[PDB]
Number of protein chains: 2
Amino acid sequence: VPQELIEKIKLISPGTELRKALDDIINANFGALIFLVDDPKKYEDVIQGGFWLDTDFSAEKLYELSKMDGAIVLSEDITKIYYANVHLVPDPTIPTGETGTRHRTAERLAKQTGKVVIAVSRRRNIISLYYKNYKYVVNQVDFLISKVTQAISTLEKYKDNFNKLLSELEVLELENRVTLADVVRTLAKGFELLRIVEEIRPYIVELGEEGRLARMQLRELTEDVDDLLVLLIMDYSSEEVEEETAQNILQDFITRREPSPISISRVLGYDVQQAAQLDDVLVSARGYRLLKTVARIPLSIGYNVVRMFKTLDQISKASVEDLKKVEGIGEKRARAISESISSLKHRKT
Amino acid sequence: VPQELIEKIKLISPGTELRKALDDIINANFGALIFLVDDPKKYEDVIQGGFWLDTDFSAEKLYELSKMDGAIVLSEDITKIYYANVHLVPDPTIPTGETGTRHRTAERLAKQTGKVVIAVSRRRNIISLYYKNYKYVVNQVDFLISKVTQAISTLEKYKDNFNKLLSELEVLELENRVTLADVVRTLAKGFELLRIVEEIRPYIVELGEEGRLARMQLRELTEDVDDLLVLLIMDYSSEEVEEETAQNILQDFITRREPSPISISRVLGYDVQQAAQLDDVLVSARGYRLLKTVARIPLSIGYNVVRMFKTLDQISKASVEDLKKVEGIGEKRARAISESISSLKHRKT
Ligand SMILES: Nc1ncnc2c1ncn2[C@@H]1O[C@@H]2COP(=O)(O)O[C@H]3[C@@H](O)[C@H](n4cnc5c(N)ncnc54)O[C@@H]3COP(=O)(O)O[C@H]2[C@H]1O
């Protein structure tokens, strides 16, 4: 959905006075055909008859005017009502796949002038917005809320399985018994989880102000998942990898590439052709995840720590004095690192 | 019914563009509250909100605008539509005998402003017109046509009886055997016939263009009745009476006074007590009726003939030579008088 169309869709999203008027119109089963233009004079060839109003916009005014047949013309910023009861006459030769005089008119006029035209039939509860060559059907809140609520419920389920996988991976990581299969399984679940978020995004945007709670729920459920996934990529990829490369790996699996076991392992730098092989590849975390998340060690400085020790296992075998031999690590960083790892190994294993 | 009010009625009578619109409004069961003013700027105290239109009036525009709630404001000559969807706020203290917000509003505004206010309820088919302290309910054509058709059919009956009484009196006149009862009976039916005409007149006016055939029918039926009644009064009044005085006698019995036997005989100049005495009084026609309607002799000249011969009876016995001794009667008029009378006697008696 082009950013261009997205901007127009906001004009009729829950929260706007315009949308408030369209909802009333739908609730009353009145129909509507609205043409948005800033300079009516320039479009006098497509606008016939009706009443010249040139008055300040209001949702109540639009609703009342919609009781009359014909079309209403508003300024593009929806601050002025120019005409009411007009006959819109776009070029008949313009191709259109719409049905009925009202929708065929709206599409042709939108294509012809490059402006927005809103159509609402009396029988249905949807709002059809035509811009240029785009057509976007806007749904009622009830339909959206239902879809969004089910998606959120679905996400809770994915997140729960994700936390179960992560907790088990945590134990293995601390015991240095991690296999490629363990990592791949955790990443795949994390990728699948973030995909759902991406897919439900448009519904939430279309919800406008009625999507505030939904946004809060999504944020609470996926708060630190992206970072966590990036750190897993950095900790288990075949060879050293930057936070940028990892972040890119994440974006690829959430959209383009499909999160399949082999595909994920392959992108991580492992040469595998069968899923069964995964349980045969032993891997060791570099330590980035634990250093940043638990030890609260900045990634930049973390590269230094991994530079010297290579793996979390070797980092947990170092002492305060030993750890301080790394640039950026003082008695404080050294303590945080050492104490945080030792504490986890005692509580988790 | 005041003339200043009859003028306003014409504004919504069948045939006008305004009435065409109101008929449609009624057919669609839309309601209507129309305010007719000349200077829109001067009523900012009773007119609130709505849309300023200042556009040319048309029946279709009014109809379309009546779909919205509220009132419409038109110019007094029905050439412009000033406002639509407005809230009318007349003084609440002004007395009103109307029921419902719309009609109470209409009567108050008309009284407060001295202007015309038209109200139409959604459920009923009558147009209520308010002007100053007047209220006139206009009916649909179908209701008016039924009443008018009945009245005409009734007039046909009275006219048929008038014609029979007239032919009977004609015989009696030619034979000089007329009694006051015969005269009064004929005049009575003639006064009753013209009264019916007077009572149906407002129905005819209210029919507007749709009353053309009705008017033609009333004219054909009562054509020369008035003249005939005036001539009878002149021929049978106790003492010589001027035409104007006869016409005034007619006007009175057609509106004010009641055409009862004794009453008519009284006004004719005969001192009668009981209606049974009428058959006892013998009277002789002066001759005006026959001289003017049959001999085509102007009243100014007929006076001369009566002045000399005194009665139709004597006139019928006068020779051409005798008649030519009268001022205004030459060989031509003498022949016409003599021949027209001898012809009637031969044919009728
Ligand atoms: N001051 C008041 N006191 C008690 N009830 C009140 C009221 N004001 C409004 N209402 C109630 O609301 C109903 C509908 O109001 P509405 O404006 O839609 O629909 C109205 C309106 O479009 C028109 N109308 C009435 N008075 C008007 C006024 N002063 N100015 C402009 N339009 C008026 O006639 C329609 C029907 O009138 P109706 O009385 O049958 O129906 C009224 C009445 O039952």
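Atoms considered below: every heavy atom in the structure, side chains included; atoms not considered: hydrogens, waters and symmetry mates. Residue numbers start from 1 in every chain, and the chains themselves are labelled A, B, ... in the order their sequence lines are given, proteins ahead of strands. Atoms within a ligand are numbered from 1 in the order they appear, just like the ligands themselves.
Salt-bridge annotation for B:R195 and B:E198: absent, with no side-chain N of the basic residue lying under 4.0 Å from a carboxylate O of the acidic one. Using a cut-off of 4.0 Å between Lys/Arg side-chain N and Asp/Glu carboxylate O, A:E4 and A:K132 are scored as salt-bridged. Ion pairing of B:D24 with B:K20 is absent here, as no side-chain N (NZ or NE/NH1/NH2) approaches a carboxylate O to less than 4.0 Å.
Distances from atom 19 (O) of ligand 1 to the protein include no heavy-atom value under 4.0 Å. The nearest protein heavy atom to atom 39 (O) of ligand 1 is closer than 4.0 Å. Under the 4.0 Å distance rule, the nearest protein heavy atom to atom 15 (O) of ligand 1 falls outside the cut-off. In this structure, atom 1 (N) of ligand 1 has no protein heavy-atom contact shorter than 4.0 Å. Atom 11 (C) of ligand 1 is not flagged as protein-proximal [any protein heavy atom, distance under 4.0 Å]. There is a protein heavy atom less than 4.0 angstrom from atom 29 (N) of ligand 1. At least one protein heavy atom sits closer than 4.0 Å to atom 36 (C) of ligand 1. Counting only heavy atoms, the protein never gets under 4.0 Å from atom 43 (C) of ligand 1.
Near B:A71, the atoms of ligand 1 lying under 4.0 angstrom from a non-hydrogen atom of the residue are 31 (C), 32 (N).
Put simply, CZ on A:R124 and CG on A:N29 are 12.0 Å apart, with the number rounded to the nearest 0.5 Å.
The closest side-chain donor-acceptor pair between B:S153 and B:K157 falls under 3.5 angstrom. A:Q3 and A:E7 form a side-chain donor-acceptor contact under 3.5 Å, judged by distance and modelled atom types alone. Under 3.5 Å, the side chains of B:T55 and B:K61 contain a donor-acceptor pair of N or O atoms.
In terms of protein heavy-atom proximity, atom 17 (O) of ligand 1 is nearest to B:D69 CB, 4.7 Å. Among all protein heavy atoms, the one lying closest to atom 32 (N) of ligand 1 is B:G70 CA, 3.3 Å.
Cation-pi geometry between B:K8 and B:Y131 is met: under 6.0 angstrom from the ring centre, within 45 degrees of the axis.
Comparing heavy-atom distances from atom 5 (N) of ligand 1 across B:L33, B:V86, B:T101 singles out B:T101 as nearest.
Test B:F253, B:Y158, B:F162 against B:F191 for ring pair (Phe, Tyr, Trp, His ring centres under 6.0 Å) and you get one pass: B:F253.
An N or O contact shorter than 3.5 Å is missing between B:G100 and ligand 1 by distance.
The shortest separation from a heavy atom of B:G31 to ligand 1 is not under 4.0 Å, leaving the residue out of contact.
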